[PDB]
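Have a look at the structure below, then the notes.
Residue numbers (UniProt numbering), protein chains in the order written: chain W, 35 to 234; chain A, 35 to 234; chain C, 6 to 205; chain U, 29 to 241; chain V, 29 to 141; chain G, 1 to 263; chain B, 1 to 196; chain R, 1 to 196; chain Z, 27 to 42, 51 to 258; chain D, 48 to 253.
Right, dumping it as structure tokens:
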């Protein structure tokens with residue numbers, strides 16, 4: 035579980051692994067952790083599967099209803115606030131850490147990083163989940179400003195590969211999503227395509 | 035606590051932070067975590083301070099006596115085995131993780147990585163302590179083979195800076211030591227000299 | 006605690022239901038005439054096994070519902086339906102379980118086809134073709150019936166088999182016994198016999 | 029934090045006739061919800077006239093069976109004769125009790141011939157209270173086996189029936205059938221059935237098949 | 029300080045019988061609050077006011093409390109006319125199985141006692 | 001006579017009350033006692049695949065009370081809707097009642113709608129129920145079916161989480177069953193191939209597990225055909241009985257006898 | 001604790017209870033009438049933990065009296081026993097029941113004498129004789145020994161005296177007096193207290 | 001539990017203990033001589049938990065006898081009390097002491113009568129009268145009431161009878177008999193058992 | 027070599051569910067009328083709720099001078115009276131006189147006093163005809179050692195106390211005492227659930243115990 | 048309590064010897080800390096060994112168990128520790144360590160080929176020792192043992208190539224469905240010729 039998101043110029047690039055452990059056994063190994071809240075807004079789920087899934091479904095309900103009432107695409111900040119409310123009122127009963135990220139006409143690509151607890155804060159890049167501890171340093175050292183879509187994708191793939199090789203609760207295939215004005219361009223990095231770093 | 039060691043061609047470069055927390059308060063902030071076991075052999079101490087200090091003193095006793103009896107500089111593997119014995123017989127009563135590293139005429143620069151528990155394993159580069167989790171990915175991504183002394187020092191400084199900025203049990207000044215055939219060339223990176231990475 | 010044991014056995018248009026007669030508090034026999042087989046129809050009995058305080062309650066919780074059912078629909082209940090409302094009554098208290106494991110045995114009123122079943126304390130229909138058991142002596146009846154049972158046994162041989170199963174299973178359990186009651190339901194008549202058991 | 033014990037399962041059964049002493053056991057070694065192996069017999073041959081069968085924690089089964097063999101050899105050396113069945117049983121009670129405060133989690137049944145050649149079976153407990161019985165069963169399935177043996181061997185609770193002495197052929201039939209029944213309902217029993225027939229002519233072994241699931 | 033009714037106290041009880049005691053017993057009101065917060069936040073205050081305003085006058089006249097009731101119009105006002113749950117099959121109010129004196133039960137409904 | 005005490009029992013639905021009796025009747029635990037029955041674990045190796053144009057479900061038929069094989073032919077493939085079936089693992093009663101209520105809800109839905117229900121609807125109903133009940137209803141289900149939008153396979157965990165996979169396995173023998181799938185599974189199998197694969201996968205959970213093992217069930221759901229193969233294979237048969245126990249007449253002693261002519 | 005005992009003969013019921021009401025190592029009163037008169041022919045021996053015994057007995061007594069006055073006839077002993085059982089069973093939930101061990105003894109003009117045993121879980125059981133408290137262990141064997149279904153009143157009372165004497169001989173607690181009443185076709189009859 | 005009592009007069013010591021040895025709700029024996037004869041003029045009343053009382057008393061008795069025979073004279077009551085205290089205090093470590101509540105009563109030809117109280121922690125204290133067990137609470141006030149430093153033997157014995165009667169009146173446990181011995185210038189004197 | 031089980035691990039001089055078990059003992063009895071002591075006990079031994087055996091000889095046969103009794107835990111008793119019999123025989127060998135019942139009870143009590151609160155569950159009852167007369171002591175696991183005229187220990191001890199007390203008398207002729215012990219044990223096994231089987235009966239007369247009878251409670255139930 | 052563990056060891060008999068395998072990783076909890084350690088020993092010229100669980104204890108065994116082999120080979124009489132003998136000695140060592148409540152937290156799989164008959168033994172931390180044609184430790188016992196036993200029940204005697212391929216397939220299954228696993232495993236094969244360890248072997252999957 036190493037969900038990751040970066041804001042580039044004009045949009046956002048998500049990123050997640052696919053591994054749902056129930057202890058040391060791999061219950062599901064091709065999990066899609068990129069639940070689409072809206073047409074151009076995504077969330078990343080970390081923690082207990084049930085809580086995040088239910089929260090994402092409730093939020094997509096509320097946000098679809100809100101978007102219909104306003105007759106406009108919703109702002110990413112609106113979805114972030116909707117996640118914050120549910121994750122904060124029930125902070126004791128939930129174990130969800132969400133990385134809401136998407137694009138809207140007003141503010142461009144946005145990445146909000148609602149952690150376990152109910153915070154809502156904007157980030158130039160946000161990572162979460164169990165394996166994020168092993169790539170904090172890498173993302174701090176390598177992130178720059180003004181990155182294009184392609185090198186953002188490469189950066190995300192590298193960070194996720196570094197995390198999955200180290201953490202046991204993280205592995206499998208890397209699911210990416212490059213949200214922009216035009217639309218989401220999903221891809222899956224599998225087998226050989228995952229960047230490999232020569233072990234000593 | 036982010037002790038670190040890398041084997042370059044012809045010798046080894048150590049590395050450690052200087053921060054001894056007793057909770058959330060900084061009991062000592064210029065701690066020298068590079069205890070010299072011998073003339074050209076070093077250890078790095080992680081965990082409870084008392085256990086590592088006592089173990090290092092016992093090992094330097096035994097190793098000095100052994101070196102006198104053999105009338106030769108000791109092999110780094112000998113010091114590693116001496117650490118392994120003490121850390122394994124009393125594995126229940128100790129909380130020490132040691133990064134024994136040094137140089138000897140036979141096998142050149144060596145880095146052994148005795149963790150908490152009593153393992154003894156050789157590494158091309160070894161890191162430990164609380165903050166090492168935040169730089170596993172960085173060292174996996176950046177380490178190469180055949181690095182010179184200088185770029186090894188730069189690599190160590192970068193990794194330690196990345197760890198100290200993130201972990202609360204790690205910070206202060208960076209103490210380095212470049213063991214080679216000629217002798218140890220210690221240095222301290224303080225204040226401005228610590229590499230800084232632009233926060234978003 | 007209170008103890009108890011009941012079984013059922015199918016046959017050639019005849020079924021047999023049995024029970025011990027001990028009502029004791031945890032060591033102390035109090036009476037030897039505790040009722041565990043209740044008449045729920047002409048050819049349809051239910052046997053409870055568990056807490057005496059819940060044998061007496063479930064058998065009256067269920068007579069109430071059964072009488073209402075019979076009056077509302079005006080027909081004697083089929084055994085399968087009686088099985089299905091015991092599940093409802095028990096599953097009602099899913100988190101407040103009635104500590105009892107009923108066994109239902111009888112004949113279809115219009116077909117005279119043998120029927121037996123067994124339910125756990127939260128209610129899980131278990132229709133078997135040979136026999137069911139319940140109570141403290143759970144293993145002993147299983148072992149005896151898996152050996153003595155035969156298909157298509159005429160009623161007297163059925164009575165012999167169930168009598169031996171009781172007598173030899175309750176004798177090997179401390180908190181069940183003090184005599185055995187056996188009912189043989191036929192297409193024409195009901196036989197209720199009290200067997201000779203050790204009173205120790 | 030460390031469970032010094034684990035239940036490996038396994039069922040044993042003994043019958044003492046007039047010229048024989050059946051000792052039988054399933055051969056399935058289990059742990060939790062897994063089958064380690066299907067060919068681990070739980071009956072060991074001690075002497076030409078005495079057979080022990082242990083069940084329960086397998087580690088203590090191995091240790092106890094090796095201690096027992098060593099003790100028979102020491103007895104043979106000091107006293108210059110093979111031990112009788114009763115002597116072995118008394119020794120086993122003493123050995124089991126020596127670990128009263130760290131018990132041998134094993135159930136043991138001694139089957140063999142006594143000094144006069146008649147059958148004898150001794151049944152134990154994890155700390156060594158032994159007694160002579162005409163038949164017994166221990167282990168996971170003991171609760172399933174013992175009532176049926178009471179009915180068919182001891183003729184309990186039956187009236188007006190001739191007390192025929194138990195013949196060897198009928199004993200084999202009975203043991204095979206009771207384990208066929210037990211394999212059906214007990215999850216720890218199956219995959220084979222090693223039966224040791226202890227007679228005056230030695231110890232001959234028969235092995236049949238049970239449900240493999 | 030009285031009785032002849034089971035000494036209405038339960039003070040010893042206080043703490044729920046389970047984390048699933050009060051919540052599961054009153055999930056009807058919990059779902060009402062869920063939907064109202066969904067509607068206050070997004071639809072308006074008019075919609076929760078309508079739902080309160082109607083649910084008032086579906087319960088005012090169904091039947092007297094000492095008799096069983098079906099409460100039809102309430103069910104197809106909430107989605108419950110095609111969604112059936114564990115509160116419909118387990119201990120139905122038709123066979124309430126415990127009743128008091130009619131009068132004494134129809135007064136408190138309005139709240140005389 | 002409608003006694004004046006409780007105002008009324010106006011709301012059924014899951015007692016609690018009567019739980020503190022459970023809490024303080026340690027009995028089973030401390031004070032010897034310990035008759036105090038416990039519930040069940042039925043559903044021990046259930047598996048599903050998505051072959052070329054449909055779903056194949058499988059399940060063993062052993063139900064264990066404690067460590068004693070209670071039932072030897074306990075059906076674990078429950079009926080949800082004429083095109084949707086659901087295997088059930090976890091606590092027995094919870095799976096039973098949950099599947100029955102979801103079947104009722106679903107076919108009320110399909111009845112009022114007038115068209116075949118979708119699998120995703122049943123997945124949502126089950127997910128939201130289990131999440132509502134905070135996981136105290138331990139009921140692990142494998143949901144399978146074929147709507148107009150092609151075959152679907154879901155795996156619902158007790159806590160509410162659901163996973164949509166081309167192949168899932170659940171139960172005590174889930175891991176042993178997963179071994180066969182991970183090694184032998186290919187997309188776009190034919191009917192007979194998928195049936196053989198699932199039979200092996202359940203067979204793995206039968207011989208290699210203790211909580212499982214009996215006859216093997218299958219449910220082949222296609223776009224147009226629904227074969228509820230029960231029982232699909234009889235790998236294990238009762239060992240033939242050698243003795244002739246055959247309790248005779250008059251063998252038991254009777255103190256008192258009562259006879260009642262019914263008809 | 002305390003002690004109850006009941007004996008049912010051909011056409012009567014003999015019951016006896018101690019008179020000691022202890023609160024700690026000290027006893028606070030030695031004339032404790034532990035016996036509640038449900039109706040003209042029903043007696044309800046109640047024991048258990050302090051407070052709950054009296055409250056539950058008062059509740060049941062008021063209900064039996066209320067039924068009698070609302071209808072005109074009286075609850076039959078089996079009816080009173082079953083109603084008490086229903087009441088005690090339902091309280092094994094909220095108001096932590098009441099740990100009241102009961103022993104209902106009554107006579108019906110139609111059904112003959114009746115004695116009902118009830119533990120604190122509300123497990124009703126008719127019996128020819130019973131007892132509660134730790135003293136029951138010592139006396140139940142003696143009751144089994146010399147009891148026959150046909151016992152004259154004098155034989156029953158001397159049997160009760162035998163039980164109490166042996167209870168005095170062995171039981172560690174100090175129970176010096178026992179109130180005794182018999183129930184037959186003519187109401188409830190007080191008998192002379194058995195004292196030592 | 002059980003009961004000890006001691007009264008010291010001008011030139012004698014009166015002591016009394018129950019005779020009941022209970023094991024559970026049942027009492028196993030009613031002639032339990034709880035009184036160990038240390039020497040010709042010393043008595044050691046020992047009570048407490050089962051097993052430790054008899055063992056500790058036997059140890060101390062054998063030591064007092066051994067000292068007497070090794071020397072020729074006998075331990076003075078104060079010497080016996082202090083030696084017992086030293087022995088009991090040192091065992092408040094390994095062999096979990098022994099929870100033995102003691103009451104040493106003796107006479108010396110030189111020092112006059114002596115009565116020593118000892119809790120299970122080995123806290124020695126001379127006293128004119130004392131008592132152990134839960135019964136001490138009920139009797140200590142009555143002892144305070146009618147006790148004077150100058151009490152004839154008959155007054156002392158009737159005071160003891162008063163204490164025991166009231167203990168019978170109130171104490172919940174059944175203590176029917178009490179062994180009584182007096183200690184004066186002429187050895188130890190048995191007195192008639194106080195029975196009820 | 028680490029530890030390498032040396033040999034026979036540890037078993038030398040043992041003499042002074052998960053494994054946790056040792057069967058059970060229950061409902062023993064003895065009184066001491068004028069013609070000697072008689073000892074009665076049932077034959078049942080349970081394991082939780084499951085009878086492991088119906089033919090458990092609970093009256094230990096210590097030596098032809100003296101009897102013991104099993105109760106509370108079968109293995110602990112059996113072992114400790116066995117060692118007590120060893121000690122009694124050694125004493126009789128050395129001093130050339132049979133050991134008195136008082137001495138044997140104190141031996142057993144001292145032996146069991148060590149291990150105090152270490153888990154023993156002994157409930158023994160020593161009986162014999164020593165030089166001083168009848169002998170009867172109740173030696174148990176926590177160190178009680180008390181003589182007495184009448185005793186009974188076990189799960190169903192209380193019921194035996196009842197019947198025995200109302201039947202007992204020191205001037206009771208032999209055949210009536212036999213019936214008294216039979217009745218007491220039978221009633222105890224009638225009420226108690228942990229007591230059953232056959233009622234063994236021993237008479238400790240003058241020199242040498244004898245065995246009276248072993249009747250089954252099933253046949254006694256018909257007898258009464 | 049262990050700190051650095053190993054996941055699973057597989058082993059299957061075949062006609063002419065015994066092949067076992069174990070991946071190269073030590074988990075410091077949920078973390079793949081060491082990624083090039085070896086968990087396969089060659090005891091002597093007829094017996095190898097693999098182990099899962101605490102790795103420091105495995106190194107202690109390597110120190111000890113290795114040492115006895117030298118201690119006997121210096122004697123030069125010619126008797127050598129047969130595979131069954133090593134299995135028995137290890138069983139006794141861990142039973143003794145358990146009886147003192149200081150267990151050797153390991154579950155070895157001793158395999159060897161001596162006197163023309165193969166051998167495969169299992170020993171865990173509690174001294175549960177036995178023999179079987181196919182073994183597995185950790186989640187190997189759930190994910191790999193079923194395949195091994197399925198293949199063995201149909202064909203009871205395997206050739207070298209089929210056994211090695213079966214082990215490789217089981218390793219693929221473990222790599223897919225086991226959290227604490229790595230895609231670099233070692234296979235050790237013993238025949239009449241002697242112990243032979245190939246490594247590292249990856250898992251190029253589709």
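Every residue, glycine too, gets a C-beta built ideally from N, C-alpha and C.
Roughly how many whole angstroms lie between the Cα atoms of residue 202 (chain D) and residue 253 (chain G)? 56 Å
Spatial distance of residue 230 (chain U) from residue 56 (chain U) (CA atoms): 26 Å
So is residue 42 (chain C) buried or exposed if we call it buried at 16+ other beta carbons inside 10 Å? buried
Candidates Z:225, Z:158 and Z:88, of which the one nearest residue 177 (chain Z) by Cα: Z:158
Could you give the residue range of the beta strand (DSSP E) that holds residue 80 (chain A)? 75–81
Range covered by the beta strand (DSSP E) that runs through residue 233 (chain D): 232–237
State buried or exposed for residue 130 (chain Z), treating a residue as buried only when at least 16 other CB atoms are found within 10 Å of its CB. exposed
Chain Z partners of residue 170 (chain B), CB-CB under 9 Å? 192, 195, 196 and 199
Between residue 148 (chain C) and residue 175 (chain U), is the Cβ-Cβ spacing less than 8 Å? yes
Who are the neighbours of residue 94 (chain B) on chain G, taking C-beta pairs under 8 Å? 17 and 20
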